[PDB]
């Protein structure tokens, strides 16, 4: 294995859980993979695929992002920091995308899923951009149950990193839409304790966090290191006990190991 792979395995053993890592260094297309082909519950990292799918729709439905969407009281689920302010009112699909990505609002995510026709519409977009591994099966909040062995609402680190690269640095989306997704990720509010905490502070990071049952703690990021071509990094982590507490420090530690191996 590589030096870095030894350090990641040791971090995993110390953590007591199961760690998945996939790095793409776009400077030379090199990769670092740890459990890169195992499935992990995506939790709210799946919000990137749903927002991107709506961005793709807006390439042909040109006013779609400005369309008002009704927020009813019955729509509110378990974490609605933005949507709860607009109950008995409306939010646009742009505003719902921003709330889902930057505040991790679960009601906003459900509106994106509904716009796409259900979880299968998010999966269909993944297939349309070449991701044969991603699957979204449930709405919020149950897509976060993170039960060991359950394939629902999972992907592999390798597949997620490749897709995040295609969406943010490649041509899965049109130019304006790619830039909008990057703008949203760079403005995330929830990420300072996760991948970002293991990287030099001079680097620019856009990321999407997630967490769920079994102490599942996740982050996916696009990274612009000072003076170098961007990286894409996926860090997924899940634990044996259903009621386990989150471990964002493990994601930071994994990111730090990756950064020191560059």
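Residue numbers count along the first chain shown, from 1.
- Set 23 to 31 against 203 to 211 and average the Cα temperature factors; 23 to 31 ends up higher.
- Averaged over CA atoms, B-factors in the entry run higher in 141 to 149 than in the other of 183 to 191 and 141 to 149.
- Taking only the listed residues 39, 196, 56, 47, the entry reports the highest CA temperature factor at 196.
- In this PDB entry, residue 118 carries a Cα temperature factor that places it within the middle third of its chain's modelled residues.
- The PDB entry assigns residue 75 a C-alpha temperature factor belonging to the highest third of its chain's modelled residues.
- In this PDB entry, residue 89 carries a Cα temperature factor that places it within the highest third of its chain's modelled residues.
- Sort the chain's modelled residues by C-alpha temperature factor and residue 175 lands in the highest third, per the entry.
- Ranked by Cα temperature factor within the chain, residue 235 sits in the lowest third according to the deposited record.
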